[PDB]
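Numbers restart at 1 for each chain; the letters A, B, ... are given by sequence-line order, proteins then strands.
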Protein chains: 4
Amino acid sequence: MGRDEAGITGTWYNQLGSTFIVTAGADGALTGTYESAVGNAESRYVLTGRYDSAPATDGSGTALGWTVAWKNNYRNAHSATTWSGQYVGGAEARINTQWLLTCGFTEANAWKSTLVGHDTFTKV
Amino acid sequence: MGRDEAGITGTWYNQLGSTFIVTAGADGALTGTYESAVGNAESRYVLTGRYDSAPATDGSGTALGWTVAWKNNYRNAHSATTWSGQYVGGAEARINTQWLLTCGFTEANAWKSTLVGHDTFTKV
Amino acid sequence: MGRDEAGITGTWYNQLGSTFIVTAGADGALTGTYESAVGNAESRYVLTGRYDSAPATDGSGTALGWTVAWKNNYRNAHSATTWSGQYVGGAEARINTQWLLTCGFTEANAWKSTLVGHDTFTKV
Amino acid sequence: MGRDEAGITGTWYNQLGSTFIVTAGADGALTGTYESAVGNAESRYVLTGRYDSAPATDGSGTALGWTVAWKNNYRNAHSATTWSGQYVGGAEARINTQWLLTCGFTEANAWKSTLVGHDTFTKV
Ligand SMILES: O=C(CCCC[C@@H]1SC[C@@H]2NC(=O)N[C@@H]21)NCCCN(CCc1ccccn1)CCc1ccccn1
Ligand SMILES: O=C(CCCC[C@@H]1SC[C@@H]2NC(=O)N[C@@H]21)NCCCN(CCc1ccccn1)CCc1ccccn1
Ligand SMILES: O=C(CCCC[C@@H]1SC[C@@H]2NC(=O)N[C@@H]21)NCCCN(CCc1ccccn1)CCc1ccccn1
Ligand SMILES: O=C(CCCC[C@@H]1SC[C@@H]2NC(=O)N[C@@H]21)NCCCN(CCc1ccccn1)CCc1ccccn1
Ligand SMILES: [Cu+2]
Ligand SMILES: [Cu+2]
Ligand SMILES: [Cu+2]
Ligand SMILES: [Cu+2]
Ligand SMILES: [Cu+2]
Ligand SMILES: [Cu+2]
Ligand SMILES: [Cu+2]
Ligand SMILES: [Cu+2]
Ligand SMILES: [Cu+2]
Ligand SMILES: [Cu+2]
Ligand SMILES: [Cu+2]
Ligand SMILES: [Cu+2]
């Protein structure tokens with residue numbers, strides 16, 4: 001059992017109103033679905049990732065990350081986002097992330113292929 | 001069958017001499033192992049990710065991403081890296097990425113928790 | 001006179017309690033001092049940057065950026081931070097930024113040379 | 001006199017074929033012009049920045065950064081780029097950077113306001 005397996009598993013919301021539904025496995029796996037409130041997206045997309053299933057016990061956060069490729073049965077935005085961040089437990093648990101969204105572009109446009117941002121997820 | 005399922009599946013090397021061994025599934029899954037030539041790492045770590053399994057056919061790259069949590073049976077660096085990028089096919093295939101490495105830190109050190117970099121993977 | 005010359009000029013505070021004191025020139029220059037509440041820093045450091053002195057008038061923010069090299073008469077942390085972001089006017093004006101902190105490192109450690117984060121500045 | 005004042009001052013080119021013309025001052029100032037080979041840009045734009053004028057002498061690079069706001073007498077792309085990186089001296093001197101390009105956008109589009117990339121500058 002990962003230390004924060006129960007704390008991570010569940011439904012999370014970010015500041016854009018997107019919905020992140022995840023299950024943390026005892027082995028460090030993250031599996032679930034993502035629904036983005038913004039951009040070229042509709043409904044749920046598959047996500048997978050990893051988390052540190054034996055974090056430090058000195059008050060540090062729990063490192064994790066996951067990926068969504070923005071293809072599902074409704075749309076294909078030819079892009080992928082990875083979120084990299086940490087789970088912070090407690091009364092108001094949070095997942096604090098930064099993210100990289102890469103679009104599949106021609107070689108001449110590679111310089112403008114990647115957006116960077118930051119999302120904060122909470123359980124309410 | 002994903003368009004670039006065969007082109008992605010296999011063993012990749014980046015400019016640091018790290019080894020990225022991946023299988024692309026027809027459904028958009030990436031599964032495999034990562035071995036980093038640098039940092040607080042030894043041997044292979046589980047990785048999972050996603051890729052666009054029906055990319056555009058106008059010469060654009062194929063968007064993808066994956067995560068490694070830096071825990072295995074030898075070490076735990078209490079951190080996770082996500083790579084976000086695109087697969088570029090052809091005679092000298094490449095996966096061009098940018099990445100975010102987040103460490104699990106205390107709340108007071110969250111400002112210095114995340115490194116950013118860029119890795120280029122080739123098949124030789 | 002830049003459109004937001006008066007709105008930008010002045011004293012700003014971020015969520016870490018750092019102090020950003022800036023003057024915007026009519027030509028697009030930013031000049032001032034930065035005092036960081038965290039890290040290897042003490043007192044004020046010179047900053048310089050640029051801003052869009054004729055922004056759009058459709059409600060968009062005003063793009064800007066600036067650099068601090070972390071050397072002053074007290075300390076030298078052999079590093080530089082650049083903030084890239086936008087000034088958002090109104091009752092609760094804000095400068096929303098993302099930033100890159102690069103340390104001068106040996107060639108073998110270049111992969112871990114750059115931190116990424118995000119700072120929000122307000123006038124109170 | 002900054003340690004790398006002479007090594008930095010001059011004309012640099014990146015992998016896109018952009019031209020970075022800079023003067024390093026003894027006080028740590030960077031001043032000059034930037035001409036981008038790509039994007040919504042034409043001719044030269046003002047740049048300003050800072051560099052560590054007393055770097056370590058253990059083989060580490062010299063940290064620096066600079067900003068361009070993409071307004072000049074020809075065009076205004078309502079955006080700013082900051083480059084954060086290090087000067088690496090020697091036979092084939094280099095400035096290795098990562099950069100953040102922020103567009104002035106409405107509040108609803110702030111999530112897609114910032115591109116991230118990496119540029120390598122050389123003297124030839
Ligand atoms: O939206 C998508 C998929 C949805 C992305 C949702 C993002 S994930 C990070 C964040 N957290 C979140 O909860 N929600 C957002 N994938 C293509 C992302 C194209 N751009 C901007 C949007 C757009 C939508 C429709 C038409 C054109 N654009 C990327 C920026 C860019 C780069 C270069 C040239 C032009 N544009
Ligand atoms: O190394 C790791 C795991 C290995 C990471 C390998 C990276 S993935 C991106 C890149 N592509 C690649 O192929 N290989 C590298 N995880 C903790 C990463 C701690 N820092 C730097 C390294 C280190 C090793 C040992 C002791 C201290 N550090 C992060 C930087 C930081 C931030 C704040 C304070 C101090 N340091
Ligand atoms: O603090 C500095 C200068 C102050 C930086 C303040 C930052 S600007 C962005 C942000 N907004 C803000 O208002 N305040 C912060 N420059 C060296 C920054 C060394 N690291 C972490 C701090 C530290 C302080 C003392 C001793 C060791 N570290 C960088 C992370 C790293 C990378 C690789 C290996 C180890 N560590
Ligand atoms: O080009 C500019 C100014 C030139 C930028 C040149 C860049 S600096 C980093 C890099 N190193 C370099 O040497 N050269 C490049 N400023 C607006 C940058 C708009 N986007 C992409 C380009 C574009 C040109 C014309 C029309 C539309 N786009 C940003 C991506 C985005 C985000 C959200 C929605 C849509 N697009
Ligand atoms: Cu430990
Ligand atoms: Cu954050
Ligand atoms: Cu654009
Ligand atoms: Cu399509
Ligand atoms: Cu790249
Ligand atoms: Cu440090
Ligand atoms: Cu305009
Ligand atoms: Cu922001
Ligand atoms: Cu470290
Ligand atoms: Cu020193
Ligand atoms: Cu670099
Ligand atoms: Cu777009």
Side-chain angles (χ1 to χ4, degrees), chain C residues 2 4 27-31 34 45-56 58-72 76-88 90 94 96-110 113-116 118, chain D residues 2 4 27-31 34 45-56 58-72 76-88 90 94 96-110 113-116 118:
Chain C
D4 309 291
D27 59 349
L30 299 177
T31 54
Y34 203 92
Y45 298 79
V46 169
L47 76 86
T48 188
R50 304 287 294 164
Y51 75 106
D52 176 3
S53 52
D58 62 1
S60 300
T62 299
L64 48 82
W66 70 92
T67 304
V68 165
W70 293 109
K71 166 181 182 296
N72 71 4
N76 187 349
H78 301 307
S79 48
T81 301
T82 62
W83 290 255
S84 185
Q86 47 200 314
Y87 163 81
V88 183
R94 285 201 156 40
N96 292 321
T97 70
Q98 308 188 69
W99 51 257
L100 296 168
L101 184 175
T102 303
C103 293
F105 279 171
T106 64
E107 304 209 52
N109 291 320
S113 68
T114 308
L115 292 169
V116 60
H118 47 96
Chain D
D4 309 291
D27 59 349
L30 299 177
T31 54
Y34 203 92
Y45 298 79
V46 169
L47 76 86
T48 188
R50 304 287 294 164
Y51 75 106
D52 176 3
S53 52
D58 62 1
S60 300
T62 299
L64 48 82
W66 70 92
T67 304
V68 165
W70 293 109
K71 166 181 182 296
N72 71 4
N76 187 349
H78 301 307
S79 48
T81 301
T82 62
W83 290 255
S84 185
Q86 47 200 314
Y87 163 81
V88 183
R94 285 201 156 40
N96 292 321
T97 70
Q98 308 188 69
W99 51 257
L100 296 168
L101 184 175
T102 303
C103 293
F105 279 171
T106 64
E107 304 209 52
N109 291 320
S113 68
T114 308
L115 292 169
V116 60
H118 47 96

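Contacts of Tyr45(D) classified as ring-ring contact (aromatic ring centres under 6.0 Å, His included), with partners at least two apart in sequence or in another chain: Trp70(D).
Across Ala69(C) and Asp52(D), no two heavy atoms sit closer than the pair CB-N, 4.1 Å. Here the shortest heavy-atom pairing between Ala63(C) and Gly104(D) reads CB-N, 4.1 Å. Closest heavy-atom contact between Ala80(D) and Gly65(C): CB-N, 4.3 Å.
Listed options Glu107(D), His78(D), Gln86(D), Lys71(D) were ranked by heavy-atom pairs under 4.5 angstrom with chain C; first place goes to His78(D). Each of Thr48(D), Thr62(D), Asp58(D), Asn109(D) has some count of heavy-atom pairs under 4.5 Å with chain C, and the biggest count is that of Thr48(D). Ranked by non-hydrogen atom pairs under 4.5 Å with chain C, the options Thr67(D), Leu30(D), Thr106(D), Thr114(D) are led by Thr67(D). Put simply, of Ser53(C), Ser79(C), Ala56(C), the one with the most heavy-atom pairs under 4.5 Å next to chain D is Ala56(C). Per-residue heavy-atom pair counts under 4.5 Å with chain D were compared for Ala108(C), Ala110(C), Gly49(C), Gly28(C), and the maximum is reached by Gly49(C).
Of the residues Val46(D), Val68(D), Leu47(D), the one that meets the side chain to side chain contact (heavy atoms under 4.5 Å, CB included) test with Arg50(C) is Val46(D). The residue from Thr82(D), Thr81(D), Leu115(D) that alone fulfils the side chain to side chain contact (heavy atoms under 4.5 Å, CB included) condition with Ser84(C) is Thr82(D).
A side-chain donor-acceptor contact under 3.5 Å links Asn76(D) to the backbone of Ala54(C).
No part of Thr97(C) comes within reach of chain D, as not one of its non-hydrogen atoms sits under 4.5 angstrom from that chain. Proximity to chain C is limited to the backbone of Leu64(D), based on heavy atoms less than 4.5 angstrom apart. In this structure, no portion of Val116(C) lies under 4.5 Å from any heavy atom of chain D.
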